[PDB]
Amino acid sequence: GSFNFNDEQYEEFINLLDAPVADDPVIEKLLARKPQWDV
Amino acid sequence: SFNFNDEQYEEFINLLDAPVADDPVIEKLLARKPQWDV
Amino acid sequence: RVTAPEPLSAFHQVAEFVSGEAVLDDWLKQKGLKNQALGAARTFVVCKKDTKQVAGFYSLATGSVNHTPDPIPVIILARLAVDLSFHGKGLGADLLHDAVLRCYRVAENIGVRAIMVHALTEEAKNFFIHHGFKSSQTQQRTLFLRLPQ
Amino acid sequence: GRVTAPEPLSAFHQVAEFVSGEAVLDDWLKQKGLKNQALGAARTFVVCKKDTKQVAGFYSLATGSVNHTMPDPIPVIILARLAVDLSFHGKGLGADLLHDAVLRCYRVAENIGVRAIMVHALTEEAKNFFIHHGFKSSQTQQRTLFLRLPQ
Ligand SMILES: CC(=O)SCCNC(=O)CCNC(=O)[C@H](O)C(C)(C)COP(=O)(O)OP(=O)(O)OC[C@H]1O[C@@H](n2cnc3c(N)ncnc32)[C@H](O)[C@@H]1OP(=O)(O)O
Ligand SMILES: CC(=O)SCCNC(=O)CCNC(=O)[C@H](O)C(C)(C)COP(=O)(O)OP(=O)(O)OC[C@H]1O[C@@H](n2cnc3c(N)ncnc32)[C@H](O)[C@@H]1OP(=O)(O)O
């Protein structure tokens with residue numbers, strides 16, 4: 001144990017924990033949908 | 001705006017504080033039925 | 001083949017807008033601009049390209065949930081409508097896409113916790129269920145979508 | 001043939017004839033497994049051939065922390081080891097052990113609040129086994145992977 005992280009190791013890790021939370025696949029499809037004005 | 005009764009409020013708060021969903025790959029791993037419960 | 005959503009202005013032509021739900025069509029024509037100016041509700045429209053004729057729209061409004069604990073802020077997706085000329089052409093889901101992403105950005109800046117919907121018909125309810133909204137089992141035709149954080 | 005449900009490594013388990021393909025893991029099991037089990041340094045779960053105590057596969061969970069030297073502590077679970085005996089390769093046992101290991105770390109997270117599983121991959125074929133099952137590859141350290149745990 002007791003692994004020691006530099007500033008960007010620690011930051012990468014913190015960003016993985018606090019990362020944009022996932023959602024249900026139907027909701028994920030809705031967010032991924034490319035609308036008829038985005039060509 | 002909106003007044004919720006105790007059951008309405010509870011359903012709502014349980015939806016907010018509900019566990020975060022898992023990555024679809026990870027969800028498959030958690031759902032896996034392993035070769036020892038055969 | 002339709003323009004990107006833009007905030008409702010007095011220059012948008014909404015007089016000949018027909019969705020199939022007259023309550024929504026009447027709100028747009030008679031209350032859209034007033035609420036835009038009051039800030040009570042924010043309406044976004046899509047137009048036929050190279051025109052200002054409204055093909056579809058939705059309205060976002062701020063609300064709060066209280067217990068009969070300080071109030072919990074939510075966004076109300078008050079309205080979403082497509083003109084009958086554009087029905088079943090995937091525009092309704094394109095507007096819901098835009099509406100939900102917009103509510104994600106609002107959540108990041110003021111911390112609203114959920115999108116709330118009060119469906120008028122039970123067919124409207126199933127439009128939202130089909131796109132990942134959760135149906136309240138303690139209230140009729142009320143749906144929720146949890147927002148990040 | 002058939003294999004037993006995971007159980008904690010005990011003195012009754014036969015580990016002398018265990019070969020995974022990675023010698024460092026096989027040596028740790030035979031020479032350090034029981035001692036660390038008793039000390040509580042790392043905690044090893046084994047699957048055996050049914051009606052037997054011969055180890056077909058195992059993994060080790062250990063508690064660790066992510067630190068900055070002002071005050072920045074954070075507990076994590078270390079998946080220190082995961083190995084299948086070459087006799088049991090391509091029977092889906094490696095993924096069955098990872099399934100068990102991750103569920104176990106979910107239950108640990110519910111009770112002590114560890115934030116993530118950390119994995120230090122030795123071979124780069126092992127790295128891609130974890131990526132294939134949802135683990136995220138660190139870009140600031142080579143062969144280090146993470147899985148966020150609930151809460
Ligand atoms: C009351 C409130 O707060 S908002 C209520 C909703 N609005 C209304 O009821 C107003 C009148 N209705 C309308 O304006 C429209 O018909 C809407 C909003 C219901 C949908 O508009 P449409 O243009 O028909 O939708 P669109 O073509 O984008 O539909 C795309 C997808 O939604 C599905 N869908 C559309 N309406 C429904 C419905 N009522 N139930 C289930 N699925 C539906 C389509 O089948 C399609 O699914 P798929 O891509 O998986 O095959
Ligand atoms: C110290 C540490 O960091 S522990 C990690 C390092 N471990 C080792 O090096 C030990 C030596 N190797 C082994 O014991 C094994 O070969 C392992 C653990 C790497 C893989 O376990 P196995 O039992 O061989 O794999 P299994 O048959 O269960 O494979 C299941 C899945 O993994 C995938 N997989 C297996 N090996 C690999 C690989 N090298 N790269 C990517 N995916 C892989 C398969 O494609 C399969 O996916 P699928 O079910 O969707 O088709």
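So, a few notes on the structure that sits alongside this text. (Residues numbered from 1 in each chain as written, not as in the entry; some residues may be left out. Chains lettered and ligands numbered in written order. Heavy atoms only, no water. Residues with missing side-chain atoms left out of burial classes, pairs and counts.)

1. Things to note about the overall build of chain B
Then, number 1: Helix and strand content of chain B: two helices and one strand.
Then, number 2: Helices and strands in chain B line up, N terminus first, as β-α-α.
Then, number 3: By principal-axis analysis of the C-alpha atoms, chain B measures approximately 50 × 20 × 10 Å.
Then, number 4: Burial statistics for chain B: of 38 residues in total, 32% are counted as buried. (Helix = DSSP H or I, 4+ residues; strand = E, 2+ residues; numbered from the N terminus. Buried < 20%, exposed > 50% of the residue type's maximum accessible area, 1.4 Å probe, protein only.)

2. With respect to the site of ligand 1
Residues and elements named next belong to chain C.
Then, number 1: For ligand 1, the set of nearby residues contains 24 residues, the closest of which are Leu80, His87, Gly90, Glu123 and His130.
Then, number 2: One of the backbone N or O atoms of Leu91 is found 3.3 Å from an oxygen atom in ligand 1.
Then, number 3: Within the backbone of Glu123, one N or O atom sits 2.8 Å away from a nitrogen atom of ligand 1.
Then, number 4: For ligand 1, whose accessible area on its own is 970 Å², the fraction buried by protein is 74%.
Then, number 5: Of all the elements in the fold, those that place two or more residues in the shell around ligand 1 are β4 (72-82), α2 (91-110) and α3 (122-129).
Then, number 6: Considering every element that reaches the shell around ligand 1, the biggest residue donor is α3, with five residues.
Then, number 7: Residues belonging to the shell around ligand 1 are distributed by class as follows: 13 nonpolar, eight polar and three charged. (Near = heavy atom within 4 Å. Polar contact = N/O pair within 3.5 Å; in protein donor to acceptor, adjacent residues only side chain to side chain. Areas by Shrake-Rupley, 256 points an atom, 1.4 Å probe, with all protein chains shown as cover. Nonpolar A, V, L, I, M, F, W, Y, C, P; charged D, E, K, R; others polar.)

3. Observations regarding unusual backbone geometry
Then, number 1: Even without being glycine, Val39 of chain A reaches a positive phi, approximately 40 degrees.
Then, number 2: If you trace the backbone, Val39 of chain A turns up in the segment after α2 (25-32).
Then, number 3: A residue is classified by how much of its surface remains accessible, and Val39 of chain A, at 97% relative accessible area, is exposed.
Then, number 4: If you check the backbone angles, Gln149 of chain C has positive phi at about 95 degrees while not being a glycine.
Then, number 5: Secondary-structure assignment places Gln149 of chain C in the segment after β7 (142-146).

4. Details of the arrangement of the chains
Then, number 1: If you rank the five pairs of chains in contact by how many contacts each has, first place goes to chains B and C.
Then, number 2: Note that chain C does not reach chain D: the shortest distance linking a C-alpha of one to a C-alpha of the other is 12 Å. (Contact = heavy atoms within 4.5 Å.)

5. Examining the interface of chain C and chain A
Then, number 1: Contact with chain C, which involves 23 residues of that partner, is made by eleven residues of chain A.
Then, number 2: Note on chain C versus chain A: buried area summed over both sides is about 1500 Å², and carbon and sulfur give 60% of it.
Then, number 3: For the interface between chain C and chain A, the tally reads one salt bridge.
Then, number 4: The salt bridge partner of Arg33 of chain A is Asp94 of chain C, with a shortest N-O separation of 2.7 Å.
Then, number 5: Linking chain C with chain A are eight residue pairs in polar contact, by the criterion used here. (Buried area = accessible area lost by both parts, 1.4 Å probe. Salt bridge = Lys/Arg side-chain N within 4 Å of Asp/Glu carboxyl O.)

6. Some points on the site of ligand 2
All names here are of chain D.
Then, number 1: Around ligand 2, the surrounding shell holds 23 residues, and the nearest of these are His89, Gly94, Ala95, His120 and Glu125.
Then, number 2: Between an oxygen atom of ligand 2 and a main-chain N or O atom of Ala95, the distance comes to 3.1 Å.
Then, number 3: Here a nitrogen atom of ligand 2 and a backbone polar atom of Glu125 are 2.6 Å apart.
Then, number 4: Within the complex, 74% of the 1000 Å² of free accessible area of ligand 2 lies under protein.
Then, number 5: Elements with a contribution of two residues or more to the shell around ligand 2: β4 (75-84), α2 (93-112), β5 (116-120) and α3 (124-131).
Then, number 6: Per element, the largest residue contribution to the shell around ligand 2 is five residues, and it comes from α3.

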